[PDB]
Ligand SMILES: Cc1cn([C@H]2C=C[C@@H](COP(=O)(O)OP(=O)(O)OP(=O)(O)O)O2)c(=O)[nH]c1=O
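One chain comes next, on its own, written out as structure tokens in the form deposited without the named molecule.
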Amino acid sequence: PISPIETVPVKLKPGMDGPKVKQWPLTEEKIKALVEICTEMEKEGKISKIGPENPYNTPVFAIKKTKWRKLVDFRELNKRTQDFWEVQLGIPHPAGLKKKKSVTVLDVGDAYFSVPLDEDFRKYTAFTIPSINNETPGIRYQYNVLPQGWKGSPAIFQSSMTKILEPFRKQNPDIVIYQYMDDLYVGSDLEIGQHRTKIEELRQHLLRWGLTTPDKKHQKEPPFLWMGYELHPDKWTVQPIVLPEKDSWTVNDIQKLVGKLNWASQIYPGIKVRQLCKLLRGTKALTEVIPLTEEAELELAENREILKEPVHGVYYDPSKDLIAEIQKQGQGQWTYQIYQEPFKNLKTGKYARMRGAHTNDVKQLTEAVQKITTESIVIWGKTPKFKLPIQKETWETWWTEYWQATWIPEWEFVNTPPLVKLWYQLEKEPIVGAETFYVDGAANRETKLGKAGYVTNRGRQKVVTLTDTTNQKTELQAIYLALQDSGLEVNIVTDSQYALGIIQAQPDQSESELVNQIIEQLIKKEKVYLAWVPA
């Protein structure tokens, strides 16, 4: 039946007109099957036989799933239909659901055809049922309800369901309802018998609005498979993740693999793909066969064991602290788990090593904290208490003097090495008794021929000729040479604008192999003072 709900006023994009694509030709079989279908629909009030009027049209098809089924191709009408508010594309996360004594899912599939269509837009949904060959004229119809496959259907149906549920939600607020696609997940902490009664009241309420009730066969039950998870009464889990075992792997095979494994590195502690990813070097085709090395074999072998391990999360309890602990897995790599009760994690994850220009550990930690804060606010509507592997002293020393605004919400220190710290701290004033290197670097930016060197107050000097370099590189090398030729305490004078950058941020990681060599030297000294002077 069709819901006695008010229609939503739809329109075609700015000025555009209804689609006019022509009906694909079909056989006498498929045509007779469609006529059958469309007659059953016309009767239910879903569609309407129309006439000469309508200049618009859409291609109707016939697929077999094993009786014949209709399939209207609304791509063109969809390109011409107005835009609607996102049909809610923000994917919830299990870790965010509050535990409920009972959850019941209600199916409202063909509900799409249960909601009427703006009778003003209906004309644009005109389609045609062909005649045998291309003989006489075909039968013509129009939709009186939300067509499956049309741009506005999911949004309008959601909107519609929402209005219809407002009364029920008002009456019993101790009940939670989640609208997802064609499903309604109804949860509550009532007693099973009372719960069951409310479901029936609701189910009964929806019936009133032409939104039919599923069968017991179409009736799904716990655990619930949702967007890839398995939600159980007391905990949630990840659906079993399987890896294809073979004695032949194509480029495409290895890339898909790497894909699934990279995905899993989130929930699973230990997934590694370095050796497998190496197999993609110099590949010449998606179907090329690359023999897995020994290491790629050892790796792909170890991951299989990991994925066989049981990893589950817990649900959200609004009355317990929200906690987040972070670990530095390696340079530029972090792991985090958010939990309330120790050992029972709500969620976990990791942020990959993003090879870039130049930054430092405290900064990257700071960014991992931020991404997590935004994540929690989205999932739980509040930010967690942080347990970070860095001393309050280290933090206060770094943040207080850094050139950029930065901040970490309420946190605590947890001594779970490795600890994050400053690899070096340039001196605040020149070092007395430490040699002073006056470094300089020049290079013909065209011939890429240059020299790099220094002269110290102690009379020590050097100059290296570099083949195929840049201005920057000679400047930086001038400094590098100074660092490696000097003692554990150095004063370094340079006119390199870049260095001025190092002074301000004092990075401990960069993308430049050179800056990185300099960072290692910097870290090695006991004291180093870098002074910039205009060129």
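Numbering starts at 1 and runs along the sequence shown.
Unshown form deposited with the named molecule bound; subsequent notes refer to it.
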Of these, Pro269, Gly332, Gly109, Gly210, which has a heavy atom no more than 4.5 Å from the named molecule in the deposited bound form?
-> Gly109
Would you kindly say which of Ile377, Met354, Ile132, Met181 lies with a heavy atom within 4.5 Å of the named molecule in the deposited bound form?
-> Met181
Can you pick the stretch from 500 to 508, 50 to 58, 33 to 41, 66 to 74 whose heavy atoms fall within 4.5 Å of the named molecule in the deposited bound form?
-> 66 to 74
Taking the shortest heavy atom distance, is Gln148 within 4.5 Å of the named molecule in the deposited bound form?
-> yes
Is there any non-hydrogen atom of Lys217 lying within 4.5 Å of the named molecule in the deposited bound form?
-> yes
